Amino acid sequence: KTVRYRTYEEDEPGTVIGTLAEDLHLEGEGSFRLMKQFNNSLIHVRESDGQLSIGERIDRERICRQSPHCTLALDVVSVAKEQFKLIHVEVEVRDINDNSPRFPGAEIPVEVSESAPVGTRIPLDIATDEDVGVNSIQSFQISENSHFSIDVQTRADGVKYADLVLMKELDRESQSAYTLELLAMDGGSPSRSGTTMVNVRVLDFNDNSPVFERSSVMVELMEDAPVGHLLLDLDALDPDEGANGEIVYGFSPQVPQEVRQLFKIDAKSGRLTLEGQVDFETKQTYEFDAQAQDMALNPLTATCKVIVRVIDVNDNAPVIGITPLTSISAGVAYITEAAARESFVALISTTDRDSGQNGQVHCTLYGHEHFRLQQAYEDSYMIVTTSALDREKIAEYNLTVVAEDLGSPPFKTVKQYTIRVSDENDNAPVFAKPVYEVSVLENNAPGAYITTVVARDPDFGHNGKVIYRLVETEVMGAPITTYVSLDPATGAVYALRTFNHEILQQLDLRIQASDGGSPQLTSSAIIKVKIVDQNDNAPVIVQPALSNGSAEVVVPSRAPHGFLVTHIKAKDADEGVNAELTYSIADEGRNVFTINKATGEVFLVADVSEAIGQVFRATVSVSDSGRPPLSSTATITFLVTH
């Protein structure tokens, strides 16, 4: 039969569970023993009457571990009136709360990503309480915090594990670790707690792109900055951890290739440097996005707008260009001597590629005062005449143009230029004097030389070649061209005929000088050729009438001394000295007749000597004054009559 008692674990040995003999009204005898003791039993039985007392130590957690019931079963045998009996006894061992919740370790380290969704579960080491029932772990508490809570769950074989659950989204940059106190406690007003620490390690996600310390940057860069010049040390920052926050600098992928060759970005430090050479006169502003990138699985990027303003340097000098209105030779401007005052000759351009004062030009002209500088428009100055030009006075000019910029120091450019004045037919031939006077002795040879005329045209080339022409004029009906000829190149006048003074005294040539111009220019002069007389006409006796060189006149013997017989008149063709007639009645032996040398009047020296019938011959000559003189003779006879 089954008799049942109840004990309480870890009681002092020798406590009264019960007594069989008395509990079951057992009158008779008893030799109460346990039937077998393979291990040293925990309960002792009084042989006298079957009293069951706590023998050794009774630890429920050692004999039943986590089993909800713990019954110690023993078989006692007795003897009553020579009958051996058996009684089966079951002693329920009640549980005492002599064990407290325990955790494996004082700290539980756990890891979770900041990118995990709310509700993600994180395992925790289970607590254990070696008691059973209410004396086992009933409740769990977590320390007050914002993010984490616990939930307890039981497995199908009854093992009661715990989970840490995430309530709010994490951010490792705000908070990267958590320290939470975890505790478990059992039932019954005598309550026992056990504790541990949860160390939550928040693992980083790359949820932050880099960002530059400054969103945009401008830097100034001299256009003569040397290679390696440091423009700027770019800086960025990333809050993420380790590689996710480690930055590498460079260009935005859209930056053209010119910039990538001109400028360089150190990928580690962000230094931005010049590797090429810039030129303000070509491009004065660069605009590009630099970028920063973190070294993460899914990299994040940020950009910074960089502006480089290039600054101008005086690296250009003035350029002088000269373009003439009219010219043939290089670097020579031509202009007609006919150009009026303030005529444009050539245009000067003075330019400077730079900007500001460095590109501003002052132009100055050096040369004869006949030319002036006149500004036409920006950096464009005209050369203009200030006075009338005269090729015959000045045929060319050498000029000098200087152009300086306003840099400090300034660049100076110098250039030379030549002006040549074009000929117009501005001057006509000019005879030394308008009227020339020359003389020619009568009875010349034919083809004799009289004179030469000269006219002058100072114009050059064909416009200044003189041509001489005999103007056609009449001379005693006939034309001038028959008496005289003129070499049209030299202007030499040659006589074609032999001239006779007795006929023609003066010959008036009219010569024209012409240039080889278009229109032709002419001028006239006159040569007054003088023919002067000579002694080629001997005088002739007119009265008395001549008969083969002889004559006769009679004389009355009735007449006085110094008689008026006859009057010898004579004529000469020449002029002046050569027409000075002097008379002589001479060589007669006896002095018979006497002559008046003035008016050729012949008188008698002797008295009336004979009566009648006398013949007397003498000679009477007429001469002129010129050298050599010529003369003619008349032989006249006189007779005495009554």
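Throughout, we count residues from 1 along the sequence that is shown.
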Task: 535-543 versus 327-335 - greater average Cα B-factor per the deposited record - done: 535-543
- [ ] Report the stretch with the higher mean CA temperature factor, choosing between 411-419 and 138-146 on the basis of the entry.
- [x] 138-146
- [ ] Just grab whichever of 58, 52, 35, 585 has the top CA B-factor as deposited.
- [x] 585
Task: Most elevated Cα B-factor in the entry, residues 568, 72, 197, 231 - done: 568
- [ ] Would you mind ranking residue 424 by its C-alpha B-factor against the rest of the chain and naming the third, lowest, middle or highest?
- [x] middle
Task: Chain-wide C-alpha B factor ranking for residue 270, given as lowest, middle or highest third - done: lowest
- [ ] Check where residue 524 lands among this chain's C-alpha B-factors and tell me if it's the lowest, middle or highest third.
- [x] middle
Task: Ranked C-alpha temperature factor of residue 372 among modelled chain residues, by third - done: lowest
- [ ] Tell me, lowest, middle or highest third: where does the Cα B factor of residue 500 rank within its chain?
- [x] middle
